[PDB]
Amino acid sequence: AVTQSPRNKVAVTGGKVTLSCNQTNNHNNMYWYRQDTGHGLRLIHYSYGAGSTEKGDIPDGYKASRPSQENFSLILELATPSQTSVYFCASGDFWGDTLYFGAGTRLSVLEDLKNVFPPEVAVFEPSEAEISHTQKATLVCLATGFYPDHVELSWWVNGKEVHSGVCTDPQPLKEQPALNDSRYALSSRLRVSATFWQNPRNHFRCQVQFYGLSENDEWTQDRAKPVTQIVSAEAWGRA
(Lines of atoms letter the chains of each structure in order from A and count residues from 1; the text may use other names and numbers.)
(Lines give C-alpha, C1' and ligand atoms only; values in the text may rest on other atoms or scores of the structure.)
Protein backbone atom coordinates (compact mmCIF):
# COMPACT_ATOMS: atom_id res chain seq x y z
CA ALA A 1 0.00 0.00 0.00
CA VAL A 2 1.05 3.60 -0.73
CA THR A 3 0.20 5.99 2.11
CA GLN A 4 1.06 9.67 2.48
CA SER A 5 1.41 11.91 5.53
CA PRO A 6 0.10 14.35 6.43
CA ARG A 7 -3.16 14.32 4.49
CA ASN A 8 -4.07 17.93 5.30
CA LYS A 9 -1.82 20.78 6.37
CA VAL A 10 -1.99 24.57 6.62
CA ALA A 11 1.25 26.55 6.54
CA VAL A 12 2.51 30.13 6.48
CA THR A 13 4.78 31.54 3.79
CA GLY A 14 8.44 31.02 4.62
CA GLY A 15 7.88 27.89 6.72
CA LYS A 16 9.35 24.45 6.12
CA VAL A 17 6.85 21.74 5.14
CA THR A 18 7.70 18.05 4.81
CA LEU A 19 5.28 15.83 2.95
CA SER A 20 6.22 12.20 3.52
CA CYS A 21 5.38 9.06 1.55
CA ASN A 22 5.60 5.39 2.51
CA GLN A 23 5.12 2.36 0.27
CA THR A 24 4.97 -1.35 1.13
CA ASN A 25 4.78 -2.88 -2.36
CA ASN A 26 8.52 -3.69 -2.58
CA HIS A 27 8.50 -1.22 -5.48
CA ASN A 28 11.70 0.53 -6.50
CA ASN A 29 10.47 3.73 -8.21
CA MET A 30 8.77 6.52 -6.28
CA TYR A 31 7.25 9.75 -7.59
CA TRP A 32 5.94 13.06 -6.25
CA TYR A 33 3.16 14.80 -8.18
CA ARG A 34 0.96 17.84 -7.69
CA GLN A 35 -2.53 18.36 -9.12
CA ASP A 36 -3.92 21.76 -10.07
CA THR A 37 -6.82 22.89 -12.24
CA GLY A 38 -5.52 23.85 -15.67
CA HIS A 39 -2.35 21.76 -15.25
CA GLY A 40 -3.33 18.14 -14.52
CA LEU A 41 -0.72 15.99 -12.79
CA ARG A 42 2.87 17.22 -12.84
CA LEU A 43 6.05 15.48 -11.72
CA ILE A 44 8.13 17.27 -9.08
CA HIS A 45 10.76 14.69 -8.09
CA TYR A 46 11.13 10.92 -8.35
CA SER A 47 13.61 8.20 -7.51
CA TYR A 48 14.88 4.86 -8.81
CA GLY A 49 16.15 3.64 -5.43
CA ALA A 50 17.50 4.50 -2.02
CA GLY A 51 20.04 7.31 -2.04
CA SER A 52 19.03 8.76 -5.42
CA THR A 53 16.49 11.44 -6.35
CA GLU A 54 15.80 12.72 -9.86
CA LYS A 55 14.44 16.09 -10.92
CA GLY A 56 11.00 16.09 -12.51
CA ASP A 57 9.58 18.71 -14.83
CA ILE A 58 8.79 21.27 -12.09
CA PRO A 59 11.46 20.77 -9.38
CA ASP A 60 11.85 24.43 -8.35
CA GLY A 61 11.00 25.09 -4.70
CA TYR A 62 11.17 21.45 -3.59
CA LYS A 63 13.87 19.03 -2.50
CA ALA A 64 13.40 15.26 -2.34
CA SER A 65 14.90 12.58 -0.12
CA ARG A 66 14.80 8.78 -0.55
CA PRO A 67 16.50 7.46 2.61
CA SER A 68 15.32 3.88 1.98
CA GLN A 69 13.46 1.74 -0.54
CA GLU A 70 10.09 2.25 1.18
CA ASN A 71 10.34 5.96 2.08
CA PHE A 72 10.19 8.94 -0.29
CA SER A 73 9.86 12.43 1.18
CA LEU A 74 9.22 15.86 -0.35
CA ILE A 75 10.48 19.03 1.34
CA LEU A 76 9.57 22.72 0.95
CA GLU A 77 12.22 24.79 2.73
CA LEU A 78 10.68 28.22 2.00
CA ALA A 79 6.99 27.46 1.51
CA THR A 80 5.17 29.75 -0.92
CA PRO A 81 1.51 30.38 -1.84
CA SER A 82 2.20 29.04 -5.34
CA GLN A 83 2.98 25.69 -3.67
CA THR A 84 -0.57 25.43 -2.29
CA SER A 85 -1.94 22.34 -4.04
CA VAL A 86 -2.87 18.67 -3.69
CA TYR A 87 0.15 16.36 -3.68
CA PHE A 88 0.18 12.71 -4.74
CA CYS A 89 2.87 10.08 -4.24
CA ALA A 90 3.31 7.07 -6.51
CA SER A 91 5.29 3.84 -6.61
CA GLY A 92 6.18 1.51 -9.45
CA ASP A 93 8.20 -1.55 -10.35
CA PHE A 94 11.16 -1.49 -12.69
CA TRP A 95 9.68 -1.16 -16.20
CA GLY A 96 6.23 -1.24 -14.61
CA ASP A 97 3.10 -0.50 -16.62
CA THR A 98 1.28 0.81 -13.53
CA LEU A 99 1.72 3.70 -11.13
CA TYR A 100 0.20 3.17 -7.67
CA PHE A 101 -0.89 6.49 -6.18
CA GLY A 102 -1.65 7.55 -2.64
CA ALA A 103 -4.81 9.18 -1.33
CA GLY A 104 -3.35 12.70 -1.51
CA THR A 105 -2.44 15.62 0.74
CA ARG A 106 -4.19 18.99 0.58
CA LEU A 107 -1.78 21.78 1.53
CA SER A 108 -2.45 25.51 1.78
CA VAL A 109 0.34 28.08 2.15
CA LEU A 110 -0.96 31.44 3.34
CA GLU A 111 0.44 34.93 3.80
CA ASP A 112 -1.38 35.40 7.12
CA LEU A 113 -3.28 32.98 9.35
CA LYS A 114 -5.95 35.64 9.99
CA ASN A 115 -8.21 34.18 7.26
CA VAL A 116 -8.52 30.65 8.69
CA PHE A 117 -12.17 30.30 9.71
CA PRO A 118 -14.11 27.08 10.38
CA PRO A 119 -17.48 26.43 8.69
CA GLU A 120 -20.94 27.35 9.88
CA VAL A 121 -23.18 24.33 9.26
CA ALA A 122 -26.96 24.22 8.86
CA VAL A 123 -29.54 21.58 7.93
CA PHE A 124 -32.67 22.52 5.99
CA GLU A 125 -35.74 20.28 6.47
CA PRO A 126 -37.74 19.00 3.49
CA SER A 127 -40.63 21.00 2.10
CA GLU A 128 -44.07 19.55 2.71
CA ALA A 129 -44.82 20.28 -0.96
CA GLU A 130 -42.14 17.84 -2.10
CA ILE A 131 -43.48 15.26 0.36
CA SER A 132 -47.11 15.52 -0.76
CA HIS A 133 -46.02 15.77 -4.42
CA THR A 134 -43.45 12.95 -4.75
CA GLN A 135 -43.61 10.96 -1.46
CA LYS A 136 -39.92 11.78 -1.01
CA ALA A 137 -38.19 14.15 1.40
CA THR A 138 -34.94 15.96 0.56
CA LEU A 139 -32.87 17.54 3.32
CA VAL A 140 -30.24 20.06 2.21
CA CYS A 141 -27.09 20.85 4.18
CA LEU A 142 -25.00 24.01 3.86
CA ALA A 143 -21.48 24.54 5.17
CA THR A 144 -20.39 28.14 4.75
CA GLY A 145 -17.70 30.67 5.55
CA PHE A 146 -14.75 28.29 5.84
CA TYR A 147 -11.18 28.69 4.62
CA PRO A 148 -9.38 26.84 3.27
CA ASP A 149 -11.44 24.27 1.33
CA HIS A 150 -10.22 21.23 3.32
CA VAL A 151 -13.70 19.97 4.19
CA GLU A 152 -15.51 16.61 4.13
CA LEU A 153 -19.29 16.34 4.50
CA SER A 154 -21.14 13.26 5.74
CA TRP A 155 -24.73 12.39 6.68
CA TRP A 156 -25.69 10.51 9.85
CA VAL A 157 -29.15 8.95 10.25
CA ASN A 158 -29.91 7.48 13.69
CA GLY A 159 -26.33 7.15 14.89
CA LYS A 160 -24.83 5.56 11.76
CA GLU A 161 -23.34 7.02 8.60
CA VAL A 162 -25.67 6.95 5.59
CA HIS A 163 -24.74 6.80 1.91
CA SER A 164 -27.98 6.13 0.05
CA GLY A 165 -29.77 9.28 -1.08
CA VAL A 166 -26.64 11.41 -0.59
CA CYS A 167 -25.01 13.72 -3.09
CA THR A 168 -22.62 16.56 -2.26
CA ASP A 169 -20.63 18.97 -4.38
CA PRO A 170 -17.26 17.58 -5.56
CA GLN A 171 -15.42 20.80 -4.61
CA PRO A 172 -16.34 23.81 -2.45
CA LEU A 173 -17.11 27.23 -3.94
CA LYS A 174 -16.03 30.83 -3.40
CA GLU A 175 -18.58 33.04 -1.66
CA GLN A 176 -16.93 36.14 -3.20
CA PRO A 177 -14.93 35.18 -6.30
CA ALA A 178 -13.54 38.71 -6.73
CA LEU A 179 -11.49 38.58 -3.52
CA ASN A 180 -8.30 36.52 -3.44
CA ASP A 181 -9.01 35.19 0.08
CA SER A 182 -12.71 34.42 -0.37
CA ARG A 183 -14.17 31.90 2.04
CA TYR A 184 -15.86 28.77 0.74
CA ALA A 185 -19.19 26.96 0.90
CA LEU A 186 -20.22 23.36 0.29
CA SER A 187 -23.72 21.95 -0.18
CA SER A 188 -25.16 18.46 0.14
CA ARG A 189 -28.48 16.67 -0.23
CA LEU A 190 -29.93 13.62 1.53
CA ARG A 191 -33.12 12.18 0.04
CA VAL A 192 -35.14 9.73 2.13
CA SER A 193 -38.65 8.37 1.71
CA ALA A 194 -41.54 10.49 2.95
CA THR A 195 -42.69 7.75 5.32
CA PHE A 196 -39.20 7.78 6.85
CA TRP A 197 -38.97 11.55 7.27
CA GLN A 198 -42.32 11.99 9.02
CA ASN A 199 -41.50 9.52 11.82
CA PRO A 200 -40.36 11.96 14.54
CA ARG A 201 -38.12 9.28 16.10
CA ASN A 202 -35.68 9.43 13.19
CA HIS A 203 -33.05 12.16 13.41
CA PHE A 204 -30.76 13.37 10.63
CA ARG A 205 -27.39 15.04 11.08
CA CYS A 206 -24.97 16.81 8.75
CA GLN A 207 -21.38 16.48 9.97
CA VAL A 208 -18.60 18.55 8.40
CA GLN A 209 -14.97 17.61 9.06
CA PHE A 210 -12.78 20.72 8.82
CA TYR A 211 -8.97 20.69 8.76
CA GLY A 212 -7.07 23.73 10.00
CA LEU A 213 -4.45 24.62 12.58
CA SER A 214 -2.93 22.03 14.92
CA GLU A 215 -2.00 21.93 18.60
CA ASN A 216 1.61 23.08 18.22
CA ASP A 217 0.47 25.98 16.02
CA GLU A 218 0.15 29.47 17.51
CA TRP A 219 -2.90 31.76 17.28
CA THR A 220 -2.78 35.53 17.84
CA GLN A 221 -6.37 36.80 17.78
CA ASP A 222 -9.51 37.13 19.87
CA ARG A 223 -11.48 34.42 18.05
CA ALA A 224 -11.13 30.81 19.13
CA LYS A 225 -8.28 29.09 17.31
CA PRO A 226 -9.69 27.36 14.19
CA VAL A 227 -8.40 23.91 15.17
CA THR A 228 -9.28 20.79 13.17
CA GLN A 229 -12.78 19.85 14.22
CA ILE A 230 -16.19 18.36 13.50
CA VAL A 231 -19.08 20.79 12.97
CA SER A 232 -22.59 19.33 12.81
CA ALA A 233 -26.19 20.46 12.42
CA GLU A 234 -29.28 18.37 13.10
CA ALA A 235 -32.94 18.02 12.16
CA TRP A 236 -35.70 15.85 13.60
CA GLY A 237 -38.44 14.03 11.75
CA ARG A 238 -41.88 15.52 12.15
CA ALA A 239 -45.61 15.04 11.51
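Numbers follow the displayed sequence, beginning with 1.
Mean CA temperature factor is higher for 113-121 when stretches 113-121 and 69-77 are set side by side in the entry.
Look at the C-alpha B-factors of 160-168 and of 89-97. On average they run higher in 160-168. Across the options 35, 188, 176, 53, the residue with the most elevated CA B-factor in the record is 176.
In the deposited entry, the Cα temperature factor of residue 181 places it in the highest third of its chain's modelled residues. Ranked by Cα temperature factor within the chain, residue 42 sits in the lowest third according to the deposited record. Placement of the Cα temperature factor of residue 193 within the chain: middle third of the modelled residues, per the deposited record. Remark: residue 10 belongs to the highest third of its chain, ranked by C-alpha B-factor as recorded. Per the deposited record, the Cα B-factor of residue 239 falls in the highest third when ranked against the other modelled residues of its chain.
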